[PDB]
$ cat query31.txt   # compact mmCIF, C-alpha atoms and all ligand atoms
# COMPACT_ATOMS: atom_id res chain seq x y z
CA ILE V 1 -10.57 -14.63 -12.33
CA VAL V 2 -10.22 -15.82 -15.92
CA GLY V 3 -10.84 -19.51 -16.68
CA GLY V 4 -12.13 -20.38 -13.17
CA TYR V 5 -15.38 -21.43 -11.69
CA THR V 6 -18.21 -20.11 -9.54
CA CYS V 7 -17.07 -20.84 -5.96
CA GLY V 8 -20.50 -21.26 -4.46
CA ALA V 9 -21.93 -18.85 -1.88
CA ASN V 10 -19.80 -18.46 1.19
CA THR V 11 -17.55 -21.42 0.39
CA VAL V 12 -14.57 -19.02 0.73
CA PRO V 13 -15.64 -17.45 4.02
CA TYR V 14 -12.36 -15.52 4.61
CA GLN V 15 -12.73 -13.60 1.28
CA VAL V 16 -13.59 -9.93 1.73
CA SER V 17 -14.49 -7.20 -0.73
CA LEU V 18 -13.00 -3.76 -0.06
CA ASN V 19 -15.55 -1.08 -0.98
CA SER V 20 -15.13 2.68 -1.50
CA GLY V 21 -18.52 3.23 -3.12
CA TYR V 22 -17.80 0.26 -5.38
CA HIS V 23 -15.77 -2.95 -5.09
CA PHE V 24 -12.10 -2.15 -5.75
CA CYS V 25 -10.00 -4.92 -4.20
CA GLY V 26 -10.17 -8.22 -2.35
CA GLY V 27 -8.68 -9.19 0.96
CA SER V 28 -8.51 -11.97 3.52
CA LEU V 29 -9.95 -12.02 7.04
CA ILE V 30 -7.18 -13.24 9.40
CA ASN V 31 -9.04 -12.77 12.70
CA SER V 32 -12.17 -10.95 13.87
CA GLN V 33 -10.58 -7.54 13.62
CA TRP V 34 -8.02 -7.66 10.77
CA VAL V 35 -7.83 -8.05 7.03
CA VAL V 36 -4.75 -8.69 4.90
CA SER V 37 -4.71 -7.15 1.44
CA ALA V 38 -2.15 -5.74 -1.03
CA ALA V 39 -0.46 -2.43 -0.24
CA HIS V 40 -1.26 -1.35 -3.79
CA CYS V 41 -4.93 -1.47 -2.69
CA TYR V 42 -4.40 1.25 -0.10
CA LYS V 43 -6.91 4.12 -0.03
CA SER V 44 -8.74 6.08 2.62
CA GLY V 45 -12.46 5.51 3.34
CA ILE V 46 -12.49 1.72 3.02
CA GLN V 47 -15.51 -0.35 4.05
CA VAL V 48 -14.82 -4.05 4.55
CA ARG V 49 -17.56 -6.37 3.22
CA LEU V 50 -17.60 -9.86 4.77
CA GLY V 51 -19.94 -12.73 3.95
CA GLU V 52 -20.35 -11.70 0.34
CA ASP V 53 -21.30 -13.81 -2.67
CA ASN V 54 -23.13 -11.49 -5.06
CA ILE V 55 -21.47 -8.09 -4.38
CA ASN V 56 -24.42 -6.20 -5.97
CA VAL V 57 -27.26 -7.85 -3.99
CA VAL V 58 -27.82 -8.03 -0.24
CA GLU V 59 -28.35 -11.78 0.24
CA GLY V 60 -28.55 -11.92 4.01
CA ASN V 61 -25.09 -13.01 5.27
CA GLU V 62 -23.11 -9.89 4.85
CA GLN V 63 -21.32 -7.82 7.48
CA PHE V 64 -20.29 -4.32 6.36
CA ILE V 65 -17.64 -2.83 8.72
CA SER V 66 -15.68 0.38 8.13
CA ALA V 67 -11.92 0.30 8.41
CA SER V 68 -10.49 2.25 11.36
CA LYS V 69 -6.79 2.00 10.33
CA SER V 70 -4.71 0.78 7.43
CA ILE V 71 -1.04 -0.16 7.81
CA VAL V 72 1.01 -0.50 4.60
CA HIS V 73 4.18 -2.57 4.99
CA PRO V 74 7.11 -0.29 5.97
CA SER V 75 9.18 -1.39 3.05
CA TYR V 76 6.45 -1.42 0.37
CA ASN V 77 7.77 -0.18 -3.00
CA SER V 78 4.92 0.66 -5.34
CA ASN V 79 7.21 0.68 -8.41
CA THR V 80 8.56 -2.90 -7.94
CA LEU V 81 5.71 -4.17 -5.82
CA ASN V 82 8.22 -5.57 -3.37
CA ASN V 83 6.50 -6.02 -0.01
CA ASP V 84 3.00 -5.64 -1.45
CA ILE V 85 1.07 -6.23 1.74
CA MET V 86 -1.16 -4.15 4.04
CA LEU V 87 -3.21 -4.73 7.19
CA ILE V 88 -6.64 -3.21 7.59
CA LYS V 89 -8.22 -2.95 11.06
CA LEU V 90 -12.00 -3.15 11.41
CA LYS V 91 -13.76 -0.53 13.54
CA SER V 92 -15.65 -3.34 15.30
CA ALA V 93 -15.04 -7.09 15.45
CA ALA V 94 -16.74 -9.25 12.87
CA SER V 95 -19.11 -11.87 14.14
CA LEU V 96 -17.45 -15.16 13.10
CA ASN V 97 -19.83 -17.79 11.81
CA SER V 98 -20.04 -20.38 9.02
CA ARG V 99 -20.10 -17.71 6.36
CA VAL V 100 -17.62 -15.33 7.91
CA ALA V 101 -14.41 -17.02 9.03
CA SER V 102 -10.76 -16.29 9.44
CA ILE V 103 -7.94 -17.93 7.40
CA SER V 104 -4.84 -19.13 9.21
CA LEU V 105 -1.45 -17.56 8.61
CA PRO V 106 1.29 -19.89 7.51
CA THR V 107 3.97 -21.27 9.68
CA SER V 108 6.03 -22.50 6.74
CA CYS V 109 6.23 -21.34 3.17
CA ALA V 110 4.44 -23.37 0.53
CA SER V 111 6.13 -25.66 -1.91
CA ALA V 112 6.41 -25.52 -5.73
CA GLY V 113 3.72 -27.66 -7.27
CA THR V 114 1.21 -27.17 -4.49
CA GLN V 115 -2.27 -26.42 -5.66
CA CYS V 116 -3.79 -23.28 -4.28
CA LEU V 117 -7.17 -21.59 -4.34
CA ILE V 118 -7.27 -18.05 -5.71
CA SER V 119 -10.49 -16.11 -5.52
CA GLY V 120 -12.10 -12.78 -6.39
CA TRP V 121 -14.64 -10.62 -8.19
CA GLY V 122 -12.22 -9.50 -10.93
CA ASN V 123 -12.58 -9.60 -14.72
CA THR V 124 -13.32 -12.98 -16.19
CA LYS V 125 -11.91 -12.11 -19.71
CA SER V 126 -8.21 -12.14 -20.88
CA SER V 127 -9.13 -9.84 -23.70
CA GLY V 128 -12.03 -7.49 -23.07
CA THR V 129 -14.06 -6.98 -19.96
CA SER V 130 -16.78 -8.67 -17.94
CA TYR V 131 -17.21 -8.49 -14.22
CA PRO V 132 -18.99 -11.28 -12.41
CA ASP V 133 -21.31 -10.50 -9.54
CA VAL V 134 -20.65 -13.69 -7.67
CA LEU V 135 -17.32 -14.89 -6.31
CA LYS V 136 -15.08 -16.79 -8.73
CA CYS V 137 -12.38 -19.30 -7.84
CA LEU V 138 -9.34 -20.82 -9.53
CA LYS V 139 -7.20 -23.75 -8.56
CA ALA V 140 -3.60 -23.01 -9.59
CA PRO V 141 -0.22 -24.49 -8.72
CA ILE V 142 2.75 -22.73 -7.35
CA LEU V 143 5.45 -22.46 -10.07
CA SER V 144 9.17 -23.03 -9.56
CA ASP V 145 11.26 -19.98 -8.79
CA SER V 146 13.24 -20.54 -11.92
CA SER V 147 10.06 -20.58 -14.12
CA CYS V 148 8.85 -17.51 -12.31
CA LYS V 149 12.07 -15.62 -12.88
CA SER V 150 12.20 -16.73 -16.51
CA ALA V 151 8.67 -15.36 -16.97
CA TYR V 152 9.51 -11.92 -15.40
CA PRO V 153 13.26 -11.44 -15.80
CA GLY V 154 14.76 -8.94 -13.41
CA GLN V 155 11.54 -8.44 -11.41
CA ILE V 156 10.93 -11.37 -9.02
CA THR V 157 12.15 -10.79 -5.48
CA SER V 158 12.33 -13.26 -2.62
CA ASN V 159 9.05 -11.74 -1.41
CA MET V 160 7.14 -12.98 -4.46
CA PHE V 161 6.09 -16.20 -6.09
CA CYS V 162 4.27 -17.18 -9.28
CA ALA V 163 1.24 -19.40 -9.54
CA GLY V 164 -0.85 -20.41 -12.50
CA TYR V 165 -0.38 -21.82 -15.90
CA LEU V 166 2.37 -20.99 -18.38
CA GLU V 167 0.06 -21.85 -21.29
CA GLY V 168 -2.25 -19.06 -20.15
CA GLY V 169 -6.06 -19.14 -20.09
CA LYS V 170 -6.43 -19.46 -16.29
CA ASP V 171 -5.36 -16.63 -14.03
CA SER V 172 -6.30 -13.83 -11.65
CA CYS V 173 -7.21 -10.53 -13.32
CA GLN V 174 -8.13 -6.86 -12.77
CA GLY V 175 -10.32 -6.55 -9.66
CA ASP V 176 -8.86 -9.61 -7.92
CA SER V 177 -6.08 -7.39 -6.44
CA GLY V 178 -5.39 -8.01 -2.83
CA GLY V 179 -7.27 -11.27 -2.61
CA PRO V 180 -6.19 -14.62 -1.21
CA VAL V 181 -3.98 -17.40 -2.44
CA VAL V 182 -4.71 -20.27 -0.04
CA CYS V 183 -2.59 -23.44 -0.09
CA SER V 184 -3.14 -26.27 2.30
CA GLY V 185 -5.54 -24.18 4.25
CA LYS V 186 -3.18 -21.30 4.92
CA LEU V 187 -2.96 -17.82 3.43
CA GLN V 188 0.26 -18.08 1.36
CA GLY V 189 -0.22 -15.34 -1.21
CA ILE V 190 -1.85 -12.03 -2.04
CA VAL V 191 -2.89 -11.09 -5.62
CA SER V 192 -0.14 -8.63 -6.48
CA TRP V 193 0.86 -8.12 -10.11
CA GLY V 194 1.33 -9.65 -13.57
CA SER V 195 1.40 -8.71 -17.22
CA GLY V 196 -2.14 -8.75 -18.53
CA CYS V 197 -4.30 -11.72 -17.44
CA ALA V 198 -4.15 -15.30 -18.58
CA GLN V 199 -1.42 -14.57 -21.10
CA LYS V 200 1.04 -17.22 -22.18
CA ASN V 201 4.22 -17.20 -20.14
CA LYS V 202 2.86 -14.48 -17.84
CA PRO V 203 1.46 -16.13 -14.72
CA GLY V 204 0.31 -14.24 -11.69
CA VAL V 205 2.80 -12.85 -9.20
CA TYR V 206 1.77 -13.07 -5.54
CA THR V 207 3.09 -11.59 -2.32
CA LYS V 208 4.86 -14.33 -0.31
CA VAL V 209 2.86 -14.09 2.93
CA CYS V 210 5.08 -16.47 4.87
CA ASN V 211 7.85 -13.86 4.91
CA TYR V 212 5.48 -11.38 6.71
CA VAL V 213 4.06 -13.39 9.58
CA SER V 214 6.32 -11.89 12.18
CA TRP V 215 5.45 -8.34 10.98
CA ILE V 216 1.74 -9.18 10.97
CA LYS V 217 1.85 -10.65 14.44
CA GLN V 218 3.80 -7.77 15.93
CA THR V 219 1.66 -5.20 14.20
CA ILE V 220 -1.63 -6.65 15.41
CA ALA V 221 -0.25 -6.98 18.93
CA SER V 222 0.24 -3.21 19.09
CA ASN V 223 -2.65 -1.74 17.07
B1 LIG M 301 -5.61 -5.63 -9.20
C1 LIG M 301 -4.84 -6.93 -9.66
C2 LIG M 301 -5.57 -7.92 -10.24
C3 LIG M 301 -4.85 -9.07 -10.71
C4 LIG M 301 -3.40 -9.20 -10.57
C5 LIG M 301 -2.83 -10.40 -11.14
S1 LIG M 301 -2.57 -10.15 -12.96
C6 LIG M 301 -2.18 -11.79 -13.50
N1 LIG M 301 -1.63 -11.97 -14.65
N2 LIG M 301 -2.40 -12.82 -12.67
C7 LIG M 301 -3.34 -8.10 -9.99
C8 LIG M 301 -3.40 -7.02 -9.44
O1 LIG M 301 -5.17 -4.34 -9.79
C9 LIG M 301 -6.21 -3.31 -9.74
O2 LIG M 301 -5.68 -2.44 -8.81
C10 LIG M 301 -7.52 -4.14 -9.17
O3 LIG M 301 -8.55 -3.65 -8.30
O4 LIG M 301 -7.09 -5.60 -9.16
CA CA M 302 -24.13 -9.42 -1.30
$ encode --input "query31.txt" --output "structure tokens" --more "lines below"
Ligand SMILES: *[B@]1(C2=[C][C]=C([C]SC([N])=[N])[C]=[C]2)O[C]([O])C(=O)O1
Ligand SMILES: [Ca+2]
Amino acid sequence: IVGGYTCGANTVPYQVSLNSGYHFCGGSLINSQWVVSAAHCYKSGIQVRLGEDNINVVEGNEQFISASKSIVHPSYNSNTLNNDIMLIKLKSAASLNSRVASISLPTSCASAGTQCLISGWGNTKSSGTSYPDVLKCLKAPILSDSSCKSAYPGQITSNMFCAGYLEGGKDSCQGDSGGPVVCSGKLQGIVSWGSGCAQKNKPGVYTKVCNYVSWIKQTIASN
């Protein structure tokens, strides 16, 4: 997250870190046994880390749970990033508490202009590199579909939306992949793609979670 703020420990209790020897992606806890992340975060050997603030220090509220199964969306296209969503099943249920909590799925899609909370442990620089150890947050509005399409001509599908700031300076960035975009208390987006970070006229592009609720529900009812 570039141009954001330190969330505060465990104030985003649905945020997970995906770990394969190192943090490589975020995700969102949707119930005690499942995480939603980006399909472009898929790899084997994932450990889910819940209750994190500082990802390099054991602070006392963590739960580390290996993944048993990952399910990439059936129509995921890694070239276009259309349908950039995946479910990850935990090998054992998380213990839900004040610091480890699920985020609700949407029942309606969010509106342009709504302010959302984007979070992650990604780079905090638009040029150069610095990784925070503690969770960073950004408040960002959903952009109109016409601004989004004008920013990324030929590339925005109905399964995507833009959020952020056209003037740049405030955005998600490398390492935030797969993490939440929460609007009105519901998981509405997943950190998906963009051109650079915090560049002018190049906001973040997020997977439109509301279009996937029926797939998520059916998938978790059978796995
Ligand atoms: B991801 C990843 C981070 C950030 C985006 C948004 S870019 C922007 N302009 N808002 C995307 C995708 O990619 C790498 O795989 C990583 O681990 O983070
Ligand atoms: Ca920790």
$ residues_around --input "query31.txt" --residues "stretch 205-218 of chain V" --least-positions-apart "3" --cutoff "7 Å" --atoms "only C-alpha atoms" --output "PDB file with C-alpha atoms, keeping the file's coordinate frame"
ATOM      1  CA  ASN V  83       6.500  -6.020  -0.010  1.00  0.00           C
ATOM      2  CA  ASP V  84       3.000  -5.640  -1.450  1.00  0.00           C
ATOM      3  CA  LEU V 105      -1.450 -17.560   8.610  1.00  0.00           C
ATOM      4  CA  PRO V 106       1.290 -19.890   7.510  1.00  0.00           C
ATOM      5  CA  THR V 107       3.970 -21.270   9.680  1.00  0.00           C
ATOM      6  CA  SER V 108       6.030 -22.500   6.740  1.00  0.00           C
ATOM      7  CA  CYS V 109       6.230 -21.340   3.170  1.00  0.00           C
ATOM      8  CA  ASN V 159       9.050 -11.740  -1.410  1.00  0.00           C
ATOM      9  CA  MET V 160       7.140 -12.980  -4.460  1.00  0.00           C
ATOM     10  CA  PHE V 161       6.090 -16.200  -6.090  1.00  0.00           C
ATOM     11  CA  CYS V 162       4.270 -17.180  -9.280  1.00  0.00           C
ATOM     12  CA  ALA V 163       1.240 -19.400  -9.540  1.00  0.00           C
ATOM     13  CA  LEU V 187      -2.960 -17.820   3.430  1.00  0.00           C
ATOM     14  CA  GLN V 188       0.260 -18.080   1.360  1.00  0.00           C
ATOM     15  CA  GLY V 189      -0.220 -15.340  -1.210  1.00  0.00           C
ATOM     16  CA  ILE V 190      -1.850 -12.030  -2.040  1.00  0.00           C
ATOM     17  CA  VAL V 191      -2.890 -11.090  -5.620  1.00  0.00           C
ATOM     18  CA  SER V 192      -0.140  -8.630  -6.480  1.00  0.00           C
ATOM     19  CA  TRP V 193       0.860  -8.120 -10.110  1.00  0.00           C
ATOM     20  CA  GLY V 194       1.330  -9.650 -13.570  1.00  0.00           C
ATOM     21  CA  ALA V 221      -0.250  -6.980  18.930  1.00  0.00           C
ATOM     22  CA  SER V 222       0.240  -3.210  19.090  1.00  0.00           C
TER      23      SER V 222
END
$ residues_near_point --input "query31.txt" --point "(-21.9, -23.3, -2.7)" --cutoff "12 Å" --atoms "all atoms listed in the file" --output "short mmCIF file (atom, residue, chain, number, x, y, z; two decimals) with C-alpha atoms, in the frame of the given file"
data_model
loop_
_atom_site.label_atom_id
_atom_site.label_comp_id
_atom_site.auth_asym_id
_atom_site.auth_seq_id
_atom_site.Cartn_x
_atom_site.Cartn_y
_atom_site.Cartn_z
CA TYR V 5 -15.38 -21.43 -11.69
CA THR V 6 -18.21 -20.11 -9.54
CA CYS V 7 -17.07 -20.84 -5.96
CA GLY V 8 -20.50 -21.26 -4.46
CA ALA V 9 -21.93 -18.85 -1.88
CA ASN V 10 -19.80 -18.46 1.19
CA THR V 11 -17.55 -21.42 0.39
CA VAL V 12 -14.57 -19.02 0.73
CA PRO V 13 -15.64 -17.45 4.02
CA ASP V 53 -21.30 -13.81 -2.67
CA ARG V 99 -20.10 -17.71 6.36
CA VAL V 134 -20.65 -13.69 -7.67
CA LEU V 135 -17.32 -14.89 -6.31
CA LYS V 136 -15.08 -16.79 -8.73
CA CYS V 137 -12.38 -19.30 -7.84
#
$ closest_residue --input "query31.txt" --among "V:111, V:68, V:20, V:144" --to "ligand LIG 301 (chain M)" --atoms "all atoms listed in the file"
V:20
$ closest_residue --input "query31.txt" --among "V:30, V:50, V:39, V:2" --to "residue V:177" --atoms "all atoms listed in the file"
V:39
$ residues_around --input "query31.txt" --residues "residue V:178" --least-positions-apart "2" --cutoff "8 Å" --atoms "only C-alpha atoms" --output "ChimeraX atom specification"
/V:25-27,36-41,176,180,190-192
$ residues_near_ligand --input "query31.txt" --ligand "ligand CA 302 (chain M)" --cutoff "8 Å" --atoms "only C-alpha atoms and all ligand atoms" --output "ChimeraX atom specification"
/V:51-62
$ write_last_selection --input "query31.txt" --atoms "C-alpha atoms" --output "PDB file, keeping the file's coordinate frame"
ATOM      1  CA  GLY V  51     -19.940 -12.730   3.950  1.00  0.00           C
ATOM      2  CA  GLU V  52     -20.350 -11.700   0.340  1.00  0.00           C
ATOM      3  CA  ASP V  53     -21.300 -13.810  -2.670  1.00  0.00           C
ATOM      4  CA  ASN V  54     -23.130 -11.490  -5.060  1.00  0.00           C
ATOM      5  CA  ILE V  55     -21.470  -8.090  -4.380  1.00  0.00           C
ATOM      6  CA  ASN V  56     -24.420  -6.200  -5.970  1.00  0.00           C
ATOM      7  CA  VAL V  57     -27.260  -7.850  -3.990  1.00  0.00           C
ATOM      8  CA  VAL V  58     -27.820  -8.030  -0.240  1.00  0.00           C
ATOM      9  CA  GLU V  59     -28.350 -11.780   0.240  1.00  0.00           C
ATOM     10  CA  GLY V  60     -28.550 -11.920   4.010  1.00  0.00           C
ATOM     11  CA  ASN V  61     -25.090 -13.010   5.270  1.00  0.00           C
ATOM     12  CA  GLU V  62     -23.110  -9.890   4.850  1.00  0.00           C
TER      13      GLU V  62
END
$ atom_distance --input "query31.txt" --atom1 "atom CA of residue V:146" --atom2 "atom CA of residue V:197"
20.4 Å
$ closest_residue --input "query31.txt" --among "V:16, V:23, V:73, V:3" --to "residue V:125" --atoms "only C-alpha atoms"
V:3
$ residues_around --input "query31.txt" --residues "residue V:201" --least-positions-apart "5" --cutoff "8 Å" --atoms "all atoms listed in the file" --output "ChimeraX atom specification"
/V:151,165-168
$ closest_residue --input "query31.txt" --among "V:219, V:157, V:115, V:127" --to "ligand LIG 301 (chain M)" --atoms "only C-alpha atoms and all ligand atoms"
V:127
$ atom_distance --input "query31.txt" --atom1 "atom CA of residue V:42" --atom2 "atom CA of residue V:91"
16.6 Å
$ closest_residue --input "query31.txt" --among "V:1, V:64, V:200, V:152" --to "residue V:100" --atoms "only C-alpha atoms"
V:64
$ closest_residue --input "query31.txt" --among "V:174, V:75, V:44, V:98" --to "ligand LIG 301 (chain M)" --atoms "all atoms listed in the file"
V:174
$ atom_distance --input "query31.txt" --atom1 "atom CA of residue V:173" --atom2 "atom CA of residue V:199"
10.5 Å
$ residues_around --input "query31.txt" --residues "residue V:22" --least-positions-apart "4" --cutoff "12 Å" --atoms "all atoms listed in the file" --output "number ranges by chain"
V: 17-18, 26, 45-49, 55-56, 121, 175
$ axis_aligned_box --input "query31.txt" --around "stretch 205-208 of chain V" --padding-each-side "6 Å" --output "lines of an AutoDock Vina configuration file"
center_x = 3.3
center_y = -13.0
center_z = -4.8
size_x = 15.1
size_y = 14.7
size_z = 20.9
$ residues_around --input "query31.txt" --residues "residue V:139" --least-positions-apart "5" --cutoff "7 Å" --atoms "only C-alpha atoms" --output "MDAnalysis selection string"
chainID V and resid 115:118
